[PDB]
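Single-structure report; data block below.
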Amino acid sequence: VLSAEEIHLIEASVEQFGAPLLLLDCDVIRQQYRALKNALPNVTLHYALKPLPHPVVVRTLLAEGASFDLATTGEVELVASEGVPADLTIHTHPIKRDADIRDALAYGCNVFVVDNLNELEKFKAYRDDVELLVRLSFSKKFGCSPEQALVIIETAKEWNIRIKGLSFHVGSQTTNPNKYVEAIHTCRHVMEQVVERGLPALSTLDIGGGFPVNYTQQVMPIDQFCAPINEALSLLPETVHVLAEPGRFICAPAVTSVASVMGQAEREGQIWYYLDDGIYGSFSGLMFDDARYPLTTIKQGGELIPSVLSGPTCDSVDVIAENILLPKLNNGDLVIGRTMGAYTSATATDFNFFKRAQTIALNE
Amino acid sequence: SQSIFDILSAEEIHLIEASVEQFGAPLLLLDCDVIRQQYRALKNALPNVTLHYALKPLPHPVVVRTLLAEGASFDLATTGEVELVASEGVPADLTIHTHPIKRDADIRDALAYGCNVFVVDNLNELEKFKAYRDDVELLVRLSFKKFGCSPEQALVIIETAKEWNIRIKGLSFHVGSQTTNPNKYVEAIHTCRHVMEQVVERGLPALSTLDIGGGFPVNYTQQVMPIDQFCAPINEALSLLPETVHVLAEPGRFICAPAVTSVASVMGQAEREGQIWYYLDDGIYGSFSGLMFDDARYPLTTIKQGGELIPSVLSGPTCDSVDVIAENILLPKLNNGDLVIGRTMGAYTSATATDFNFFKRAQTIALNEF
Ligand SMILES: Cc1ncc(COP(=O)(O)O)c(/C=N/CCCCCN)c1O
Ligand SMILES: Cc1ncc(COP(=O)(O)O)c(/C=N/CCCCCN)c1O
């Protein structure tokens, strides 16, 4: 269901800006940050720009006291253009060209990630400017083994590169908190091993993103989700500083998509609605994020008919919902997507030269 | 994108390296000679079929001008495509607009440029053309998954167009992209033959046009039928039509795909679980987005091609584990900065690229326009 008031907002917004739209609610950006902040106390929260690098999200979060997690030069430029102080940032891409390192340092970001010795060697030129987080895994793509992590920290001593601590990411939309618990335990044992091996003790644990949000099925409330995480962290020496890199949790619930029916046809028993947004645009996450969004219509009346929701492109792969029960809709009627904030517009293409959903900032 | 109006084999290795020198990496090298060669190969394979290049696969202004000078026509699907051809001086009578489902604005934008051939495949769409009955002529698109009406439904659309005073130019179909079996076209042509006759026997206006769509195949990693042999049973089928009927086709991939060569460079590398992982500056959110949207597989090589061959992984630049372009590819040892080369990289590649992570898109370098 959508409230009468949510319906009014969506409808007003379409009058003024047209369709397709992404309604960004700054109050939910705030609501989500504070909830995570409350759920994970004494963890510094570095918003990952990646899922939604919108300048209004950045301004809204900066004003809340949030920090920031950067992966590229584009993202550095973004934070900089919004006057985010570089001491509030970390750079988390584990594989960087010399220029990527330079671009971030020039701005003032001096925390970086390594998970291999080839990348550690890139830092010999910059050893007086940086402190590194070593990313572990214990999915195939990034992170070194606990054992390799030691090799790297050791070599970083010989080379005089400062190691700030360890990081990991257990995966996006992690619905089981125990994964974090297991990872935190491991990182503790590695941190122990570093110390009585003669090496400089590690000051930081960066526990990543992956905190989950509600899509078509409901997930555990954040307080309950982070409870065993907090208990795991309490075993670390309270001289170890903890960060996180939330993306999805903050941005996902703050965006509602609005698409309109361009046209329609009966095909093999079903009504096909062809929307002005789809898999090459805001629903790109159906392809890249294996996503499934709650979909709704303003129109609720009459019988529900087996339906197909198709995207604007001529492509067959451009189908949003293969089989969905919907009221009979007219050309121009609206289709609403919830939890449309993360890995949606970010992963949009320009295929067919269809225009991208325009993002509207509300309660700014 | 930018053009060079100026300046694997010995020669290809040289141009690749000097482009990387001049422009950086990743790059897409567009050869307008191959754009011409493919246009001409297809033109020869289908005598007397008017080829309307589908912009969708590679909506590149250089490709458009190159093709306009060759005598090609154009297949448009959107206002952005309309704007592209209009800015390159394409006359509006060389174009058709083949998107079956259109907002009123999509009709008016095409009409303002002067494109007056559109596609319909249902009566809801037909009805959007009442305001334009003096201006348009329509192709009725048949299917034999997402678009196209049945042969029976098409007759309804054609009878109703009459009652409403809307001209039907003809019939169209698209059998699917990368069709490897020409008999799909053949069967579709035979059916359109029948539908066109039924229209005459019902005493409706005779259809003037058959549009056989695109889908002509190219070589990726598996050899396809040479275009001449592929098109032979198609020509046979078309020769059974009244010599009155104008035949159109909407080639995209066949013309653009072989014309582009991708160049990526190794940003970094690690041995992970018995394989060397190379992280490239292009991947599935970039030029290799076809691996994802086009179910694609491209020939890949290296300029190195040298000594001991090691089981490797080619990963894109993004921190996403989905972004891997090849697993367990046997490559020689590469240093960072070394080049990984993709072939047949022209269609449904850069056109479906994203700005994810704000990673910079490959720059397209246009060679040999004039
Ligand atoms: C180093 C690092 N830090 C933070 C994030 C944000 O994770 P989320 O909180 O958005 O799940 C990510 C995101 N990782 C993968 C997202 C893949 C999207 C689905 N295709 C990351 O790689
Ligand atoms: C009405 C119409 N006409 C022509 C084309 C061009 O087909 P191709 O020759 O590029 O296979 C198309 C292209 N369809 C693209 C679908 C496959 C691309 C990968 N998902 C089309 O929709």
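One-based numbering, in listed order, for ligands and for the atoms of each. Atom set for the values below is all heavy atoms of this structure, side chains included, hydrogens, waters and symmetry mates excluded. Chain A is the first sequence line, chain B the second, and so forth, proteins listed ahead of strands; every chain is numbered from 1.
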Sub-4.0 Å atoms of ligand 1 with respect to non-hydrogen atoms of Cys319(B):
22 (O)
Using heavy-atom distances, let me know which of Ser177(B), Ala347(B), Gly213(B) sits nearest atom 11 (O) of ligand 2.
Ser177(B)
Restricting to heavy atoms, the pick from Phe356(B), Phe142(A), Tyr343(A) nearest atom 6 (C) of ligand 1 would be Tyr343(A)
Considering only non-hydrogen protein atoms, determine which one is nearest to atom 20 (N) of ligand 1 and report residue, atom name and distance to 0.1 Å.
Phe288(A) O, 2.7 Å
Would you indicate whether the side-chain heavy atoms of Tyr53(B) and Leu55(B) approach each other to under 4.5 Å?
yes
Below 3.5 Å, can you tabulate the donor-acceptor pairs from side chains in residues 288-297 of chain B to any protein atom, sequence neighbours excluded?
| unit_1 | atom_1 | unit_2 | atom_2 | d |
| --- | --- | --- | --- | --- |
| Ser289(B) | OG | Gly286(B) | O | 2.9 |
| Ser289(B) | OG | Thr349(B) | O | 2.9 |
| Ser289(B) | OG | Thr352(B) | O | 3.3 |
| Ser289(B) | OG | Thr352(B) | OG1 | 2.9 |
| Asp294(B) | OD1 | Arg253(B) | NH2 | 2.9 |
| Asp294(B) | OD2 | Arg253(B) | NH1 | 3.0 |
| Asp294(B) | OD2 | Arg253(B) | NH2 | 3.4 |

Please determine if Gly247(A) has a nitrogen or oxygen closer than 3.5 Å to a nitrogen or oxygen of ligand 1.
yes
Using a 3.5 Å cut-off on N or O atoms only, is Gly176(B) in polar contact with ligand 2?
no
Ring centres of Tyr185(B) and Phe230(B) under 6.0 Å apart?
yes
Which segment of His169(A) sits under 4.0 Å of ligand 1 when only heavy atoms are counted:
side chain
Please tell me whether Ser310(A) and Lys146(B) have a donor and an acceptor in their side chains that are separated by less than 3.5 angstrom.
yes
Might you confirm whether atom NZ of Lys37(A) has over 12 heavy atoms from other residues, nucleotides or ligands at distances under 6.0 Å?
yes
Please could you name the atoms of ligand 1 that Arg248(A) approaches to less than 4.0 Å, counting only its heavy atoms?
8 (P), 9 (O), 10 (O)
May I ask you to check whether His46(A) and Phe68(A) place their ring centers less than 6.0 Å from one another?
no
Those atoms of ligand 2 less than 4.0 Å from some heavy atom in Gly215(B):
7 (O), 8 (P), 9 (O), 11 (O)
Taking the six-membered ring for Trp and the full ring for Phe, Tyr or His, determine whether the centres of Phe211(A) and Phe249(A) are under 6.0 Å apart.
no
Is the shortest side-chain heavy-atom distance between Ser73(B) and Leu51(B) below 4.5 Å?
no
For ligand 1, which atoms, with element, lie under 4.0 Å from some heavy atom of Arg135(A)?
1 (C)
From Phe359(B), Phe356(B), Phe358(B), residue fulfilling ring pair (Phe, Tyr, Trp, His ring centres under 6.0 Å) relative to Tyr285(B):
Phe356(B)
Which protein heavy atom lies closest to atom 3 (N) of ligand 2, and at what distance to 0.1 Å?
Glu250(B) OE1, 2.8 Å
Heavy-atom distances under 4.0 Å are what count here, so tell me which part of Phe147(B) touches ligand 2: side chain, backbone, both or neither.
neither
I need the contact type for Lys146(B) against ligand 2. Using non-hydrogen atoms and a strict under-4.0 Å cut-off, is it side chain, backbone, both or neither?
neither
Please determine whether any non-hydrogen atom of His93(A) lies less than 4.0 Å from an atom of ligand 1.
no
4.5 Å side-chain heavy-atom contact, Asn110(A) and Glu131(A)
yes
Only heavy atoms of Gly209(A), strictly under 4.0 Å: list the atoms of ligand 1 that pass.
7 (O), 9 (O)
Side chain to side chain, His97(B) and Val119(B), heavy atoms closer than 4.5 Å
no
Hydrogens and angles aside, do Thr92(A) and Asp69(A) bring a side-chain donor and acceptor to less than 3.5 Å of each other?
yes
For atom 14 (N) of ligand 2, which protein heavy atom lies nearest, and how many Å away is it?
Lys56(B) NZ, 3.8 Å
What about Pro251(B): any of its N or O atoms under 3.5 Å from an N or O on ligand 2?
no
Nearest heavy atom to atom 18 (C) of ligand 1, choosing from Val322(B), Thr174(A), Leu70(A), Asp320(B), belongs to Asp320(B)
Side chain, backbone, both or neither: which applies to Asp289(A) and ligand 1 if a contact is any heavy-atom pair less than 4.0 Å apart?
both
Please work out whether any backbone atom (N, CA, C, O) or any side-chain heavy atom from C-beta onward of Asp75(B) is under 4.0 Å from ligand 2, and answer side chain, backbone, both or neither.
side chain
